[PDB]
Each structure stands twice: as structure tokens, then as C-alpha cells.
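Q: Based on what follows, work out the 3D shape:
(one chain, ligands or ions: 1)
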Amino acid sequence: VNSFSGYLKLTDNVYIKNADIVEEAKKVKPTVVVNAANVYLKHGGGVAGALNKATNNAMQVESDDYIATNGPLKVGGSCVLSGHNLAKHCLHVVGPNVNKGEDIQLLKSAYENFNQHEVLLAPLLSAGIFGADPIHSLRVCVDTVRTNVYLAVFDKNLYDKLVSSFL
Ligand SMILES: O=C(O)c1cccc(Cl)c1
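A: Numbers count the residues shown, from 1 in each chain. Let me share the structure:
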């Protein structure tokens, strides 16, 4: 049993809810929240901007030190940093950004990072401002992640379309 409430069950391991991911993290304090990161960990907008704002910019300060030491992530890659006031840990995952021309086949590699964690609160990778089709992102999620994932969909309209169209 876990703390997640109000989710629709899609599969054995994947759950979905219409929710602001910043508000869900604050309520649950999950072990892992996933950030929709870029390779520079520049948390300017979208999920990243919202998560970072909720940490009062402490996520960005920590991230800048990580990049200064390690250099940029890979598209499809990830790193584990603090969850600050939102979670124990933040898994920063880089899905491909279609608005930068990145290979959508890297979306599966991105989701494979989730398999290193038994339970996660996450957004749909490469969705929102990243430019990919969220229906496709949900399909890749279900067909890639084997650990227990609780997906937070920001738009109510999109949430209802993802559920209604789910095979
Ligand atoms: O695209 C999203 O899921 C998103 C974008 C910005 C803020 C939030 Cl809470 C969510």
C-alpha cells in the first residue's frame, strides 16, 4: 500500500491522475519525483520551471553545481539529485525535445531510467513544452516502465483524452 490517492489504474504498474505535479509532490512527499529536465538542468519553464519555483530556486542552485562538476546529461539520460521540499529525491530525466529536432526513439531510453526506482511520481516525458504527442508518450511509458509509476497530467482536457484513447 502507498499514499497516492485518486489515480485511475491503466495497467498492473501504471496509474494516472489529472493533477498539478507541484501540488501532488507537496501532498505525498514521494520517495522520487521525476523532473522533465533538459541536458543543462536549466529549469526555466514547464514542469522543470514549476518544480524549481516550488523549491524557491534551490533545485536550480543544486543543479548548477552538478553541471559545473559533471557536465551536461545525455538526451535519454538522468541524474538523481535532492527532492528538496517536494520529495526525498528528484530524478531529472531528459526526454527528447521535438522543438530542438531530437530523435523520438530516445523517449524509450528516457523512460528506462524509471526502472531504477521502485515507485515514482512523474509527468509524461517529452510531453507539454517538449513537443511530443502525449498519447505516444503514455504508450512508451506503459511499454517500457516496469516499476510503479504515478503519472500527473496538468491539463484536464488532455487527461480525459489520454484515458479515453488508452488501449
Ligand atoms: O506540462 C506540464 O505538465 C506542466 C507544465 C508547467 C507546470 C506544471 Cl505543474 C505542469
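Q: Get me the contact residues on the chain for the ligand.
A: Taking Cβ under 6 Å from any ligand atom as the criterion, the chain approaches the ligand at residues 20-22, 46-47, 50, 123, 128, 154. C-betas here are computed from N, CA, C, even on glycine.
Q: Of these, keep whichever come out buried.
A: The neighbour count (16 or more other Cβ atoms under 10 Å) marks 21-22, 46-47, 50, 123, 128, 154 as buried among these.
Q: Now render those as a markdown table, adding secondary structure.
A: Below are those laid out as a markdown table (DSSP: H, G, I helix; E, B strand; the rest coil):
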| residue | secondary structure |
| --- | --- |
| 21 | helix |
| 22 | helix |
| 46 | helix |
| 47 | helix |
| 50 | helix |
| 123 | coil |
| 128 | helix |
| 154 | coil |
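Q: Closest one of those residues to residue 142?
A: Closest approach between those and residue 142, by Cβ to Cβ: residue 123, at 14.8 Å.
Q: Now do the contacts for the residue lying closest to that closest one once chain neighbours are set aside.
A: Spatial nearest neighbour of residue 123, excluding adjacent residues (Cβ to Cβ, 6 or more residues apart in numbering): residue 47 at 4.8 Å. Applying Cβ atoms under 8 Å, 6 or more residues apart in numbering to residue 47 gives the contacts 21, 35-36, 123, 128, 154.
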